[PDB]
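Heads up: the structure comes next, in structure tokens.
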2 protein chains.
Amino acid sequence: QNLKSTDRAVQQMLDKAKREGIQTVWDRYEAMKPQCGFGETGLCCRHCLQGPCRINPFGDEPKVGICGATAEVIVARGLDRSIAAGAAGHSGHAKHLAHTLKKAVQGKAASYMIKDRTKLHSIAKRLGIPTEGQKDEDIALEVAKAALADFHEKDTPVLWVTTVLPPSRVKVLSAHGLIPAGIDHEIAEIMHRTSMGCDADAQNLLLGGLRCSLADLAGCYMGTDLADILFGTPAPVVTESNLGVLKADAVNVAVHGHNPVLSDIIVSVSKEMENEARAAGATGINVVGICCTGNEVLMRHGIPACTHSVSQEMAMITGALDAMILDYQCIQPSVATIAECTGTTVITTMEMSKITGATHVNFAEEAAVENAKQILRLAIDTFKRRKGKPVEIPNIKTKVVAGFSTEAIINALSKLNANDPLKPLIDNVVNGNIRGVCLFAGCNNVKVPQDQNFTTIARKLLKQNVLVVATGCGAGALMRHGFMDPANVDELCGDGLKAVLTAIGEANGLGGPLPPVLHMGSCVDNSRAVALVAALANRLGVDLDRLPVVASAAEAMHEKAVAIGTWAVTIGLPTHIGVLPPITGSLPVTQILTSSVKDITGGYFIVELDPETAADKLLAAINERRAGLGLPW
Amino acid sequence: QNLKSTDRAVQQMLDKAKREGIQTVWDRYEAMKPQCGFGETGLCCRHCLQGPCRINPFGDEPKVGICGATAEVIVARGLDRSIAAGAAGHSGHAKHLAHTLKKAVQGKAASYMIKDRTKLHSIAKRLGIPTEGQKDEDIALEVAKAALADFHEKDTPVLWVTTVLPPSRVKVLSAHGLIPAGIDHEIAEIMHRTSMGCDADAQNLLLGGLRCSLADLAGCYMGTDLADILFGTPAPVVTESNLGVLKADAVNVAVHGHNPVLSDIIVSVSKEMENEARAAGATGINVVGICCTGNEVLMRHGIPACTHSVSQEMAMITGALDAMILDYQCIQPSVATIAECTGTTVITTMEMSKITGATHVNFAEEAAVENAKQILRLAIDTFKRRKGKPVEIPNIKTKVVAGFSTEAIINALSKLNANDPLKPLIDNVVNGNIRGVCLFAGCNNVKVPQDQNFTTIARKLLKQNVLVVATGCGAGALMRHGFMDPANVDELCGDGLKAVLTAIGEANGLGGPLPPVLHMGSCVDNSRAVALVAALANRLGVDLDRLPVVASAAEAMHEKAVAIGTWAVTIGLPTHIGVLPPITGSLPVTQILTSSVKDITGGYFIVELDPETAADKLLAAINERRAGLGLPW
Ligand code: SF4
Ligand code: SF4
Ligand code: FES
Ligand code: FES
Ligand SMILES: [Fe+3]
Ligand SMILES: [Fe+3]
């Protein structure tokens, strides 16, 4: 089971699933082998009813699609649709939050409120919305209206792109036609241009994809901004992760999916229902996180993370998961059938994300508290049904320090330099104590032994003094292996990085260092890394493609991760992907994405499946940036 | 070559292409056989980087996707994405026109103007925009703003759905949650809900698809409305079709693609350049149509149609096509390589639709006339390059009577009953002279011998007194085989239908009948058929699912045709599709689309690849509706 996952708790539950005959994601993967090579390489098109069309990677016919579409066109169109799909998921997430904020300040959803007034005013200022002499509710109404306006064409471009990157970066992007006109406008344009008999030039198609990736960035940044207004900006917090956070004697409730509009209320309501849970024989309600919505409540409330991504089914195999509360994205639909075996009540809540065989409880922001109590009462009932049933919770957990929003990072640094908080970080990049920065992002993928790329790459980079930040299920992988526990700084970190983490921590009164990896939040919170990198660029007077900053989607899976990787390239970063995207069937497309895009945006993809080699390539990219700034490396 | 196309002119050019070694769409199809059965049946998913996933239609594993997605989910998600892609193509088309109208009345594009003031005021009235005491330019600005507003969420639903169907139909759709909130909003929601780990319930997915299909309907109806304002509402016109409309001694210029914003200006400018063409040794500029934009200029100006859809490459094989002017959609990208063999200058004009190897001339509405002259001068240069080169134009053409907008049909009927124009049509349905109405729509498809389904089905229905209307490349197929020539009424039409066509024609002063099939225009102009059917429903006080009206996408190909077929079902029509959509791998999905959707919308798909059988099934559907109204059949 070590071929399947490097997580020991997951290995234990894989053994239980095997002896119980419960099929898992790894079993479904094995049954799919060998996978179709046309799809793997990108050389398949089903964009019209003359297909399916395929192209042999090598050899004889077929060499071209029925309509004449070349390998270049087919590969680029498929990639563009993935970017648009990722942007759409983030469109749905951010748009949800914008509607929630609007309703809240219109008096239509009293369970929600302006929790971070400071962030509200700073967003309004960034967007040009006047605040002096205005009621907070009116400022927030204007912010929500501005958010919704960025989904369509108007007399301004998407402000959640143009106001969040430095002017010089916006100028480079505008010169290449890459600034999005509206989030849903670009998604639709992608679907149009990639439909049969439309765009058929690889460079033109890929430029469209870069522009749609910025629409995805806008949705991410909008999601983070709105969630911080509504639920609070994260600050440092200490919690735990892995399956050992489940408690046999409690009602265990997992929040899984994406949006804090749902998971944040579940957290607060669960506290008010503790007595009702005790009357049912439990110690209380133990809310635990899966995937991004788990990250959201971990960052803001210290809710412990149960598991992530590929291993999500294993939480159910323990026998102790009384409910799994879902909204949308990254939920394996197998959970609905596994629940019949394990006793778990799987509950969907969003109209556009149902699963056959799961119970559906419409969640309306307007009735959030009452909907949450209905959901949690189903969980309590389920806990009662397992009275006296043995459970197998692996007694395995790590300590996790998290909550490093960009505001929190700036505040931590300000303890070393109050009025120039970014300077201590830059000073230590210059003197070599920090070699550079690497953002780990994205998913696990069943093709890769779970977490193996993230931990292998992270270990090499940390020993070379790289400051490592992480989001999403990359943060999940690193947290579940101790990379967010400051007790592991000595073992993991190079001397220079240890010195800096220690200096910052001691200045924040910790008597100890910051953790080896800084958790910057959920996948939309990749936007927080953008805010940090843009702030550094602005402080230095250079563009992002001159900074020693890289990204790694080391085990990528979802269309959202392709979108994120593409905007990382578009804003100027060397961006590693540790699984093969469906591009290898076209050398011209691969050459654009890994090489000639450098001349457009300064960023580029690094496709590398071997993690030791990927680490060397990321270090080379960092050191090339250092040399470009005239620094030793 | 009779296995390839039933069009004799196409057969002749296929022989020429063969002896010249020029590969065609039919050759590329042969090279693709056998096509992938997983894709054919819909049992393939590439929505994340764990794939490609496939499911065996029958037998052993794989039985389920890696994430747990069932065959039902995989099939429904693939279908939904096709609907969204079709809606997007129509979003791009209608949105283009909305921006053109706005610019025109803001003084930013003087080549464009309000040509149909009557239609402008009637659209404004339908939308609730006040006209009394208002300048036309201001009414048009408000109409264009309303069009653009329907792309996103607002305090009203999509008005180009809710104001174009009868209230009772809107009520049925609203009761099932099917009214779209915004055109691009629904496209994005589809891409979100079908992404990995989101919607995983076939019924829920398919309801989303029906709603997105209404977003497609809105884009179609918006496109027709705006094009009629800008370029005039069609009225009856007489022209010709097939390759014999090319003229060896003229500069032959094909307009190909979709939007009249481009093709309409080319038509007018070409007239002003006749002398400049004569100086180059030509008789003039002979503009001819391919595909929908050809239909647009045929309907409004009587421009002859050269060819359509699958046989588009054959226009170039003649050696006489000096230019092919493209905008977007349904253009085989092979045209760019064939042009090097044939001498044709292929010219793209839209930023989001380029083809490697073609010349690109940006077309800006703001400079339309100057851009058109640049394009036409490239064509003149090309004509000069072929001085003394022999050409092979098949001397094959048909006579085509067309221009039957819904306004024109109502006007024709009003000659029999001035103040109740629909009543003569209803009277003849009741007395059996008209059995029912069938709309032929959509593409040719290389899998089907070109035109064979359209003509086989049409012949049977016409002999059974069905009133036949047609759009797009269904109109193209029927026109190229004489179905729009009134001289063929005696041969093709049953006695009752002949009587009605004759009575209407004689009342319109023709001394002869209307043609056997009424050409209602381009693919967006399927919306004209909706207007006619809705007007009949309103006049009768019944919903559309009680009327003896059916549709047939007899040779469907494009994602747009899937979208159209789906909204035909959603508005209440029995809808035949003559090629297999990728649904057969899920019996539950097939059963919803062909049977249980009847209980939701009253419409349903009829999947039938044998055209004689399809005709019998369409007649049965018509006659079942007649029986439901208490009529003999
Ligand atoms: S769009 Fe072209 S390559 Fe794709 S399925 Fe249709 S004919 Fe084949
Ligand atoms: S979404 Fe599910 S079925 Fe589709 S490729 Fe990914 S794992 Fe396979
Ligand atoms: S041929 Fe396998 S993905 Fe299409
Ligand atoms: S396996 Fe052939 S279409 Fe995917
Ligand atoms: Fe996520
Ligand atoms: Fe068309």
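Naming scheme: A, B, ... for chains in displayed order of the structure tokens; residues 1 onward per chain; ligands 1 onward as shown.
With only C-alpha atoms and all ligand atoms as the atoms that count, the set of residues no farther than 8 Å from ligand 1 is residues 44, 45, 46, 47, 48, 49, 50, 51, 52, 53, 54, 64, 65, 66, 67, 68, 69, 70, 74, 195, 196 and 197 of chain A; 332, 557 and 558 of chain B.
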Just C-alpha atoms for this one: save the residues we selected as a compact mmCIF listing (two decimals), in the first residue's frame.
```txt
# COMPACT_ATOMS: atom_id res chain seq x y z
CA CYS A 44 -8.18 12.96 -29.28
CA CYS A 45 -11.03 15.29 -30.20
CA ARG A 46 -14.78 14.88 -29.63
CA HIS A 47 -15.79 18.48 -30.41
CA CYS A 48 -18.31 17.39 -33.07
CA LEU A 49 -20.42 14.41 -34.10
CA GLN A 50 -18.06 13.48 -36.94
CA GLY A 51 -15.68 12.26 -34.24
CA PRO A 52 -14.27 10.80 -32.24
CA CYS A 53 -11.07 11.79 -33.98
CA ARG A 54 -7.62 10.68 -32.91
CA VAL A 64 -5.15 14.71 -38.95
CA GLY A 65 -8.68 15.25 -37.74
CA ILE A 66 -11.63 14.72 -40.05
CA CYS A 67 -12.28 18.46 -40.42
CA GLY A 68 -8.55 19.07 -40.99
CA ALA A 69 -7.65 19.91 -37.38
CA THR A 70 -3.96 19.28 -36.82
CA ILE A 74 -6.49 19.50 -31.19
CA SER A 195 -15.71 24.51 -31.09
CA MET A 196 -15.59 22.93 -34.53
CA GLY A 197 -14.46 25.12 -37.42
CA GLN B 332 -12.94 23.14 -42.05
CA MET B 557 -22.54 17.59 -36.67
CA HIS B 558 -21.72 20.71 -34.67
```
When you get a sec, could you note down which chain A residues fall within 6 Å of chain B, using only C-alpha atoms, as a PDB file with C-alpha atoms, in the first residue's frame?
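Okay, this is what ended up in part-v5.pdb:
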```
ATOM      1  CA  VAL A  25      -9.880   5.066  -6.103  1.00  0.00           C
ATOM      2  CA  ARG A  28     -10.612   1.850  -9.928  1.00  0.00           C
ATOM      3  CA  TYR A  29      -7.303   3.158 -11.322  1.00  0.00           C
ATOM      4  CA  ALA A  31      -8.991  -1.469 -13.425  1.00  0.00           C
ATOM      5  CA  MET A  32      -8.481   1.358 -15.940  1.00  0.00           C
ATOM      6  CA  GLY A  39      -6.134  10.790 -24.514  1.00  0.00           C
ATOM      7  CA  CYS A  48     -18.309  17.388 -33.069  1.00  0.00           C
ATOM      8  CA  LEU A  49     -20.421  14.408 -34.101  1.00  0.00           C
ATOM      9  CA  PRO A  52     -14.267  10.803 -32.238  1.00  0.00           C
ATOM     10  CA  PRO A  62      -4.663   8.876 -38.884  1.00  0.00           C
ATOM     11  CA  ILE A  66     -11.630  14.720 -40.049  1.00  0.00           C
ATOM     12  CA  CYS A  67     -12.284  18.455 -40.415  1.00  0.00           C
ATOM     13  CA  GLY A  68      -8.550  19.066 -40.991  1.00  0.00           C
ATOM     14  CA  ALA A  85     -13.503  24.627 -16.846  1.00  0.00           C
ATOM     15  CA  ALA A  88     -15.673  28.218 -14.225  1.00  0.00           C
ATOM     16  CA  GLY A  89     -15.290  26.358 -10.953  1.00  0.00           C
ATOM     17  CA  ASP A 184     -17.737  34.428 -17.790  1.00  0.00           C
ATOM     18  CA  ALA A 188     -17.686  31.416 -23.126  1.00  0.00           C
ATOM     19  CA  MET A 191     -15.822  27.331 -25.591  1.00  0.00           C
ATOM     20  CA  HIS A 192     -16.747  29.180 -28.796  1.00  0.00           C
ATOM     21  CA  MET A 196     -15.589  22.935 -34.534  1.00  0.00           C
ATOM     22  CA  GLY A 197     -14.457  25.117 -37.423  1.00  0.00           C
ATOM     23  CA  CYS A 198     -13.350  28.123 -35.365  1.00  0.00           C
ATOM     24  CA  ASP A 199      -9.851  28.927 -34.035  1.00  0.00           C
ATOM     25  CA  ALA A 200      -7.203  26.707 -35.645  1.00  0.00           C
ATOM     26  CA  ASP A 201      -3.838  28.338 -34.888  1.00  0.00           C
ATOM     27  CA  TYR A 328     -18.980  21.298  -4.807  1.00  0.00           C
ATOM     28  CA  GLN A 329     -15.727  20.333  -6.549  1.00  0.00           C
ATOM     29  CA  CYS A 330     -13.176  17.543  -5.954  1.00  0.00           C
ATOM     30  CA  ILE A 331     -15.641  15.180  -4.247  1.00  0.00           C
ATOM     31  CA  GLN A 332     -15.188  11.638  -5.533  1.00  0.00           C
ATOM     32  CA  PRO A 333     -18.776  10.516  -6.309  1.00  0.00           C
ATOM     33  CA  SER A 334     -17.817   7.069  -5.019  1.00  0.00           C
ATOM     34  CA  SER A 353     -23.878  19.515  -7.367  1.00  0.00           C
ATOM     35  CA  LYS A 354     -25.928  16.433  -6.469  1.00  0.00           C
ATOM     36  CA  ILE A 355     -24.818  12.803  -6.221  1.00  0.00           C
ATOM     37  CA  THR A 356     -27.177   9.893  -6.848  1.00  0.00           C
ATOM     38  CA  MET A 557      -5.355  16.550 -11.103  1.00  0.00           C
ATOM     39  CA  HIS A 558      -8.248  18.976 -11.482  1.00  0.00           C
ATOM     40  CA  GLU A 559      -9.010  21.348 -14.334  1.00  0.00           C
TER      41      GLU A 559
END
```
Got a sec: who's within 10 Å of residue 597 of chain A, counting only C-alpha atoms, leaving out chain neighbours fewer than 2 positions off, as a short mmCIF file (atom, residue, chain, number, x, y, z; two decimals) with N, CA, C and O atoms, in the first residue's frame?
```cif
data_model
loop_
_atom_site.label_atom_id
_atom_site.label_comp_id
_atom_site.auth_asym_id
_atom_site.auth_seq_id
_atom_site.Cartn_x
_atom_site.Cartn_y
_atom_site.Cartn_z
N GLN A 203 -0.78 29.14 -31.62
CA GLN A 203 -0.39 30.32 -30.86
C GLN A 203 -1.60 31.15 -30.46
O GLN A 203 -1.73 31.57 -29.31
N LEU A 206 -3.56 29.37 -27.72
CA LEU A 206 -2.89 29.37 -26.42
C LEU A 206 -2.90 30.76 -25.79
O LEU A 206 -3.06 30.89 -24.57
N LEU A 207 -2.79 31.82 -26.59
CA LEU A 207 -2.95 33.17 -26.05
C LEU A 207 -4.33 33.34 -25.43
O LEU A 207 -4.48 33.92 -24.35
N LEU A 210 -4.17 31.69 -22.07
CA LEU A 210 -3.52 32.51 -21.05
C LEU A 210 -4.49 33.56 -20.53
O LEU A 210 -4.57 33.80 -19.31
N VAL A 569 2.18 30.84 -14.85
CA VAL A 569 3.03 31.13 -16.00
C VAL A 569 2.74 32.52 -16.54
O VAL A 569 3.66 33.26 -16.90
N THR A 570 1.45 32.88 -16.62
CA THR A 570 1.07 34.13 -17.26
C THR A 570 1.53 35.34 -16.44
O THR A 570 1.87 36.38 -17.02
N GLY A 572 4.26 35.40 -14.70
CA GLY A 572 5.70 35.46 -14.83
C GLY A 572 6.51 34.40 -14.10
O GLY A 572 7.74 34.55 -14.01
N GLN A 591 6.48 23.12 -26.95
CA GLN A 591 7.55 24.11 -27.05
C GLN A 591 7.05 25.51 -26.68
O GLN A 591 7.78 26.28 -26.04
N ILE A 592 5.82 25.85 -27.04
CA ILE A 592 5.27 27.14 -26.63
C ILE A 592 5.16 27.19 -25.11
O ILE A 592 5.58 28.17 -24.47
N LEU A 593 4.59 26.15 -24.51
CA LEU A 593 4.27 26.20 -23.08
C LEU A 593 5.50 26.10 -22.20
O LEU A 593 5.45 26.58 -21.06
N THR A 594 6.57 25.46 -22.67
CA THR A 594 7.77 25.25 -21.86
C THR A 594 8.91 26.16 -22.25
O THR A 594 9.93 26.19 -21.54
N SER A 595 8.80 26.91 -23.35
CA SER A 595 9.90 27.71 -23.86
C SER A 595 9.49 29.06 -24.43
O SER A 595 9.89 30.10 -23.89
N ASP A 599 9.04 34.42 -23.74
CA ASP A 599 9.19 35.68 -24.46
C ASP A 599 7.91 36.50 -24.44
O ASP A 599 7.94 37.67 -24.86
N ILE A 600 6.80 35.93 -23.97
CA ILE A 600 5.52 36.62 -23.90
C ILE A 600 5.31 37.12 -22.48
O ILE A 600 5.08 38.32 -22.27
N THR A 601 5.40 36.22 -21.49
CA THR A 601 5.09 36.57 -20.11
C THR A 601 6.26 36.47 -19.15
O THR A 601 6.14 36.94 -18.00
N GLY A 602 7.37 35.84 -19.55
CA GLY A 602 8.48 35.60 -18.66
C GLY A 602 8.37 34.35 -17.82
O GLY A 602 9.39 33.92 -17.24
N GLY A 603 7.17 33.78 -17.70
CA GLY A 603 7.00 32.50 -17.05
C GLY A 603 7.08 31.36 -18.04
O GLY A 603 7.25 31.56 -19.25
N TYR A 604 6.98 30.14 -17.53
CA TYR A 604 7.07 28.95 -18.38
C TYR A 604 6.77 27.72 -17.55
O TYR A 604 7.02 27.70 -16.34
N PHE A 605 6.22 26.70 -18.20
CA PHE A 605 6.02 25.41 -17.55
C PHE A 605 7.31 24.58 -17.54
O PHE A 605 8.11 24.63 -18.48
#
```
Quote the spacing between atom CA of residue 254 of chain B and atom CA of residue 407 of chain B in Å to one decimal place.
28.2 Å
Hey, which of B:56, B:362, B:374, B:174 ends up closest to ligand 4? Count only C-alpha atoms and all ligand atoms.
B:56
Distance limit 8 Å, reference ligand 6, atoms considered: only C-alpha atoms and all ligand atoms. Which residues make the cut? Give them as a PyMOL selection string.
chain B and resi 257-258+291-293+329-330+442-443+472-473+522-524+560
Emit the selected residues as a PDB file, in the first residue's frame, including C-alpha atoms.
```
ATOM      1  CA  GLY B 257     -18.759  31.398 -41.538  1.00  0.00           C
ATOM      2  CA  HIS B 258     -21.577  33.099 -39.649  1.00  0.00           C
ATOM      3  CA  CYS B 291     -22.697  27.921 -44.772  1.00  0.00           C
ATOM      4  CA  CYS B 292     -24.689  30.271 -42.549  1.00  0.00           C
ATOM      5  CA  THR B 293     -23.231  33.628 -43.539  1.00  0.00           C
ATOM      6  CA  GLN B 329     -17.653  28.482 -36.937  1.00  0.00           C
ATOM      7  CA  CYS B 330     -18.026  25.444 -39.233  1.00  0.00           C
ATOM      8  CA  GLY B 442     -28.476  21.607 -38.746  1.00  0.00           C
ATOM      9  CA  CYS B 443     -25.522  20.278 -40.631  1.00  0.00           C
ATOM     10  CA  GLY B 472     -28.963  26.364 -42.053  1.00  0.00           C
ATOM     11  CA  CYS B 473     -27.366  23.505 -43.960  1.00  0.00           C
ATOM     12  CA  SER B 522     -29.539  30.669 -41.068  1.00  0.00           C
ATOM     13  CA  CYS B 523     -29.024  28.522 -37.965  1.00  0.00           C
ATOM     14  CA  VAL B 524     -29.683  31.428 -35.561  1.00  0.00           C
ATOM     15  CA  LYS B 560     -24.443  24.119 -32.018  1.00  0.00           C
TER      16      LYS B 560
END
```
Shell of 10 Å around residue 430 of chain B, only C-alpha atoms, local chain residues under 2 positions omitted, as an MDAnalysis selection string
chainID B and resid 424:428 432:436 626 629:633
Which one is closest to residue 214 of chain B: B:563, B:323, B:303, B:441? Count only C-alpha atoms.
B:563
Return as number ranges by chain the full set of residues in segment 234-398 of chain B whose backbone-based DSSP assignment is strand (DSSP E or B).
B: 237-241, 251-256, 285-290, 305-307, 321-326, 345-348, 350, 353, 355, 359-360, 398
Write a file of the just-selected residues containing N, CA and C atoms, as an mmCIF file, in the first residue's frame.
```cif
data_model
loop_
_atom_site.group_PDB
_atom_site.id
_atom_site.type_symbol
_atom_site.label_atom_id
_atom_site.label_comp_id
_atom_site.auth_asym_id
_atom_site.auth_seq_id
_atom_site.Cartn_x
_atom_site.Cartn_y
_atom_site.Cartn_z
ATOM 1 N N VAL B 237 -37.310 36.122 -52.042
ATOM 2 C CA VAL B 237 -36.256 36.444 -52.996
ATOM 3 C C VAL B 237 -35.965 35.192 -53.809
ATOM 4 N N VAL B 238 -35.517 35.396 -55.048
ATOM 5 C CA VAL B 238 -35.266 34.328 -56.004
ATOM 6 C C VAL B 238 -33.793 34.366 -56.384
ATOM 7 N N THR B 239 -33.126 33.224 -56.270
ATOM 8 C CA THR B 239 -31.709 33.137 -56.599
ATOM 9 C C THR B 239 -31.402 31.714 -57.066
ATOM 10 N N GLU B 240 -30.135 31.310 -56.931
ATOM 11 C CA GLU B 240 -29.670 30.009 -57.400
ATOM 12 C C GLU B 240 -28.721 29.414 -56.366
ATOM 13 N N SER B 241 -28.489 28.109 -56.480
ATOM 14 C CA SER B 241 -27.535 27.441 -55.612
ATOM 15 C C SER B 241 -26.777 26.346 -56.348
ATOM 16 N N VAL B 251 -14.407 37.638 -60.606
ATOM 17 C CA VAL B 251 -13.709 37.410 -59.341
ATOM 18 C C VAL B 251 -14.706 36.725 -58.413
ATOM 19 N N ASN B 252 -14.492 35.445 -58.140
ATOM 20 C CA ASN B 252 -15.406 34.698 -57.283
ATOM 21 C C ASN B 252 -14.937 34.793 -55.840
ATOM 22 N N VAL B 253 -15.813 35.313 -54.988
ATOM 23 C CA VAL B 253 -15.523 35.547 -53.583
ATOM 24 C C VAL B 253 -16.593 34.837 -52.766
ATOM 25 N N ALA B 254 -16.182 33.874 -51.950
ATOM 26 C CA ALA B 254 -17.108 33.199 -51.052
ATOM 27 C C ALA B 254 -17.067 33.869 -49.685
ATOM 28 N N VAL B 255 -18.236 34.137 -49.124
ATOM 29 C CA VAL B 255 -18.368 34.501 -47.713
ATOM 30 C C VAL B 255 -18.788 33.240 -46.973
ATOM 31 N N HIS B 256 -18.049 32.899 -45.913
ATOM 32 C CA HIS B 256 -18.149 31.604 -45.249
ATOM 33 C C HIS B 256 -17.998 31.868 -43.761
ATOM 34 N N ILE B 285 -17.302 41.425 -59.562
ATOM 35 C CA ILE B 285 -17.103 40.613 -58.367
ATOM 36 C C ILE B 285 -18.364 39.793 -58.132
ATOM 37 N N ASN B 286 -18.210 38.470 -58.120
ATOM 38 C CA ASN B 286 -19.310 37.522 -57.924
ATOM 39 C C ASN B 286 -19.188 36.967 -56.507
ATOM 40 N N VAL B 287 -19.923 37.574 -55.582
ATOM 41 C CA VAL B 287 -20.002 37.088 -54.210
ATOM 42 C C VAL B 287 -20.958 35.905 -54.164
ATOM 43 N N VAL B 288 -20.519 34.817 -53.522
ATOM 44 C CA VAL B 288 -21.314 33.606 -53.359
ATOM 45 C C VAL B 288 -21.209 33.181 -51.900
ATOM 46 N N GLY B 289 -22.189 32.398 -51.450
ATOM 47 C CA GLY B 289 -22.301 32.042 -50.044
ATOM 48 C C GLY B 289 -21.896 30.611 -49.751
ATOM 49 N N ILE B 290 -21.263 30.410 -48.603
ATOM 50 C CA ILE B 290 -21.075 29.083 -48.019
ATOM 51 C C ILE B 290 -21.600 29.124 -46.589
ATOM 52 N N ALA B 305 -26.026 30.766 -53.324
ATOM 53 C CA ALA B 305 -25.304 29.865 -52.437
ATOM 54 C C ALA B 305 -24.475 28.904 -53.269
ATOM 55 N N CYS B 306 -23.183 28.853 -52.966
ATOM 56 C CA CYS B 306 -22.245 27.998 -53.670
ATOM 57 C C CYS B 306 -22.343 26.562 -53.168
ATOM 58 N N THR B 307 -22.134 26.362 -51.873
ATOM 59 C CA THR B 307 -22.205 25.039 -51.270
ATOM 60 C C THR B 307 -22.350 25.199 -49.760
ATOM 61 N N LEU B 321 -12.281 29.751 -57.379
ATOM 62 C CA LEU B 321 -12.588 30.500 -56.162
ATOM 63 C C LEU B 321 -11.391 31.377 -55.816
ATOM 64 N N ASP B 322 -11.518 32.679 -56.064
ATOM 65 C CA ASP B 322 -10.388 33.583 -55.879
ATOM 66 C C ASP B 322 -10.190 33.948 -54.422
ATOM 67 N N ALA B 323 -11.264 34.016 -53.637
ATOM 68 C CA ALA B 323 -11.107 34.266 -52.213
ATOM 69 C C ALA B 323 -12.204 33.574 -51.428
ATOM 70 N N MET B 324 -11.857 33.211 -50.200
ATOM 71 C CA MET B 324 -12.780 32.646 -49.221
ATOM 72 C C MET B 324 -12.614 33.491 -47.962
ATOM 73 N N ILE B 325 -13.634 34.291 -47.656
ATOM 74 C CA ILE B 325 -13.594 35.270 -46.578
ATOM 75 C C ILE B 325 -14.315 34.673 -45.378
ATOM 76 N N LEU B 326 -13.585 34.493 -44.278
ATOM 77 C CA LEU B 326 -14.052 33.735 -43.129
ATOM 78 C C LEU B 326 -14.243 34.607 -41.899
ATOM 79 N N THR B 345 -7.270 32.499 -52.141
ATOM 80 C CA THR B 345 -6.787 33.256 -50.993
ATOM 81 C C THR B 345 -7.817 33.106 -49.874
ATOM 82 N N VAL B 346 -7.435 32.406 -48.807
ATOM 83 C CA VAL B 346 -8.282 32.243 -47.626
ATOM 84 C C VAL B 346 -7.936 33.362 -46.651
ATOM 85 N N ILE B 347 -8.953 34.088 -46.193
ATOM 86 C CA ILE B 347 -8.746 35.278 -45.374
ATOM 87 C C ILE B 347 -9.579 35.164 -44.105
ATOM 88 N N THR B 348 -8.909 35.153 -42.955
ATOM 89 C CA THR B 348 -9.599 35.257 -41.684
ATOM 90 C C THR B 348 -9.727 36.718 -41.273
ATOM 91 N N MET B 350 -11.505 37.533 -37.788
ATOM 92 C CA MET B 350 -11.863 37.653 -36.379
ATOM 93 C C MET B 350 -10.688 37.241 -35.508
ATOM 94 N N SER B 353 -10.527 33.665 -34.223
ATOM 95 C CA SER B 353 -10.717 32.549 -35.171
ATOM 96 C C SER B 353 -9.716 32.696 -36.326
ATOM 97 N N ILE B 355 -6.506 30.725 -38.677
ATOM 98 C CA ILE B 355 -6.099 29.422 -39.189
ATOM 99 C C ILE B 355 -4.672 29.533 -39.692
ATOM 100 N N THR B 359 -4.207 34.137 -44.639
ATOM 101 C CA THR B 359 -3.961 35.552 -44.445
ATOM 102 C C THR B 359 -5.006 36.100 -43.493
ATOM 103 N N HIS B 360 -4.577 36.944 -42.562
ATOM 104 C CA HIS B 360 -5.489 37.536 -41.594
ATOM 105 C C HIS B 360 -5.606 39.034 -41.850
ATOM 106 N N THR B 398 -29.411 24.900 -59.099
ATOM 107 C CA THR B 398 -30.854 24.877 -58.946
ATOM 108 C C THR B 398 -31.381 26.292 -58.750
#
```
Please identify which residues in segment 525-572 of chain A DSSP calls helix (DSSP H, G or I) from the backbone, and express them as a count of residues only.
30
